[PDB]
Each structure stands twice: as structure tokens, then as C-alpha cells.
């Protein structure tokens, strides 16, 4: 029977009774079958590495406060999910093996308010991108969401891991405006203009008076968020999504050097531009066995056959334009003239391409217009038992940097028998190299290779000045370990704050490599 680390069987028994006393017997789950459902679907070490001793589903903020006070009395570590779809990063599994999961989304799933004219929502953690989309379509249709690739996730949960989508509102944390958060001893506070009783401005300026705290509750174990505002973009009168195929893997250098100047003023590249490699593109519409059934990495001719058969390039650029059709045509004209400088470049609009090769173009057209999709999950049919882990370091948006990363990562992936399926994304002045490391979750050796590969990718990226932005449970200590300027000054700052707000070491111990005193230097 899974016990939290540092808690007696007796104290665990007492805590479970006390948790039932608050939420209801139905909303305290300890059965193996219910716990298996909170397994990381894509484990990278074993699979037994990150387990839940129980799952607690509180009704409301008041119950969140009382379960936190119960956790403090008995020393129960509690991890936190909204919808727990953090796939690539641990799913709903706790960093600290044996933690009790607080499932905020199961019962706290309400859209609390939507203001059409001032363009915001006040949300609970269980609101999915699908939910909010449905609500806006029915009640505030001038507005649109910003969704990541999948959209079964939480508008709150994603923003709290500082996730992103691809509309002009792609930076989810940026557009987060106000929070209600239960602090680690069970106090509740509202951030920004929400701290003023009867304020009408909670969701329209992120800051308020005095120190601005919301960031400290993102990629964080300093609190359980119970309500979160997010600004919502107005739908433009029209939109158009385009694909640019590029023949040569060596085109990346020129593609990135043209992309930056076109994106840094947020026009003409109006949304978040993505450059996807042939694999990430082929894997939505095809399986690995279709191109190659031998051992070792995919050979060049397998790649070449994907390019030809699907009508794609090694690099496939996807962008959306917004506004009156006269502006779209004009901006698209600047785009075509700029990227057309690259020999072999081919341009296709969402209304010009409707074949196997255009599946991603059509899916990008939905996502870039805030229409949530599960199409990218077909990527997990690439190989049997496929799972993925995320690798997404930050770089300067310069071709030389891109080329360096492309080469470093692919070379290592080839060595570790993992396909190079990646994309380069430019936000405004920063670049992300997002590689989806795919592997057989059911094959212990493949799990071990993926973990070994990712640890190597992180160290080598970091030696080059490229820091990881978001990572898996299994990798959090190592990633925080790379941010060790001032003999680990950042982590010492985080620990000082954690130990002050959380003297009993309760909330999601080890999140972002931040351990409270009672668990740190115990190797878990």
C-alpha cells in the first residue's frame, strides 16, 4: 500500500479519514484502479517512479483550505493537478512518489465569468480549452481562446506550467490576469486588483499595488490556485493560414534569419510562427513502419520518400494572418517575397491544399484561430506504445544557433535511437527548439535511453547557453541544477521562500527542483 514518504501508516489513515470528512468519501480515492488512472502515461524511467498514495477532489476554495490544513497536521505531501494532462512532463503523477494528488479540476470546473466587451474570463481549474471554446461559441462569440496543440488540458493548469499556444495570445502566463490561491498553511489570497474588495478590475490589469506575485505561483509549489483570470482576444474579421515547404535541412539557417525580422514587430508574422521538420509533419498522417521497418535511425531515403510522397519539405513553416482581406493579401505578399528568396520554397494557403500533406496545415488553421483540436494525438500512432518526453530549450532567434541545435540534438537522438521530430518556434525575440522524443513506453530499455538522451540534451544545450524552459518530473532537479549562477543563488532564493510559506513541507515537494527542508538532500 503506497504511503507518502515521511508519514506513518497511522498518520496516513487519520489524514484519509480527515480528508473524507471534508470532501466526501466519493472524492477520496485510494483504490489501485483509480490510482493507475493518475500514472504518467509516458514514463521515462521506470513507471513505478512517480505514484499517488491517494487522490483528493475538493469541491471549492474552502475545501482546498481545509485539506491543506489537514495535510499540515499530518505531514501529508500534496501534489496538484487541474486536469492533469501534463503529458511529456509527468501527466498527473507527483514529483514526490507517494504524494497525495489534489485534483482541483474534478469539482472546480466552472466558468465563473466572461466579459465580452473587455475580453476576459474568470475560470476554475477544470475548465478545458474545449469547455471555454464551447462557452464562447454559445455566449461570447466575438472572443476566441488561445489553445496549445491538444485542448483537453486546463486553461488554468497550462498557464500555471507557463504553457503556450499559437494565436497572438500564445503566451498563456502573459494573458493570465488575477489569481485566487490557497497558500501552503491554508490561507487564501487574491492577487492584483482582486485583493481590493468589490474591485471590477481583477481581470483587466495583471499587477495591483505592491510586489507582483502571480509568477511565483507558475511552475511552482507555493500554492494551490482555485481561480484564475485570462484575457481573451477578439476574433478578427478574417484569417488565413499558410504552409511554406523548404527542401533542404540546411535551409533552417536562412529560414530563421528571415523569420526574426518579420516576427519581432508582430507583423507581418502576426501569430506564433512554427517551423516543423518532416517527421513531426509525417507522423500526424503516417506511421514509422510505412517509411522504414529496419533497425537504427531513419535513413535519408526514408526522409526523402516522406518529402516526395506527402508533398512536404524537410522544414515546413506554418503561420496565420488576421484582419480585413486587403491586409492579409498585403502581409502574405511581404511573407512570399521574403521566404521566396530561399530556392525550393513553395507556398500553399489553407484553401489551396487539401491532401494527406495538408492535414497539419488544416489543423494549424484551427489552432491558430483558437479552435481546439486533438488531431496532433495521431502523432502518438508513430510507433506502437508511443510516448513522448519534451525537450524545449531557449535560444537566440539566429540561424547559426538554430543550425547548431538542430545538429546537436539530431546527432544525439540518432545515437540513442530516437527520431528527430522537432520544431523551431519564435515568440518575439526568443527561439524555442521543441523536440518530441518518441519512445515505446512498454519497453524498459527505450524508457532508459529516452531519459539518458534527455539528460545529455539538457547538459549539452546548457553548456551552449540554451536553458530548458519546462521539463518532466524525472528531469526537474537537473534543469534547476543548470540555473546555478551565484553558487545556486536562484534555488536558495526559492528554498528560502518555500520554507517560509511552507514550514511543514506540504505542497508538491520537488516541483521545479524546489524541495522543502524535510525532503531536500534525501534523494527523494
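Residue numbers count along the first chain shown, from 1.
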### Message
Please compare 507 to 515 with 7 to 15 and say which has the higher mean C-alpha temperature factor in the record.
### Response
7 to 15
### Query
Do the CA atoms of 328 to 336 or those of 153 to 161 have the higher mean B-factor in the entry?
328 to 336
### Message
Among 409, 230, 306, 272, where is the Cα B factor highest in this entry?
### Response
306
## Note on the structure
Among 60, 477, 464, 46, the highest C-alpha B-factor in the PDB entry belongs to 46
### Query
Of the three thirds of its chain by CA temperature factor, lowest, middle or highest, which one includes residue 349?
highest
### Query
Compared with the other modelled residues in the chain, in which third is the CA B-factor of residue 54?
middle
#### Entry: residue 33, C-alpha B-factor rank within chain (lowest, middle or highest third)
highest
### Query
In terms of the CA temperature factor given in the entry, to which third of its chain does residue 382 belong: lowest, middle or highest?
highest
### Task
Consider only the C-alpha atoms of the modelled residues in this chain, order them by B-factor as the entry records it, and name the third containing residue 139: lowest, middle or highest.
highest
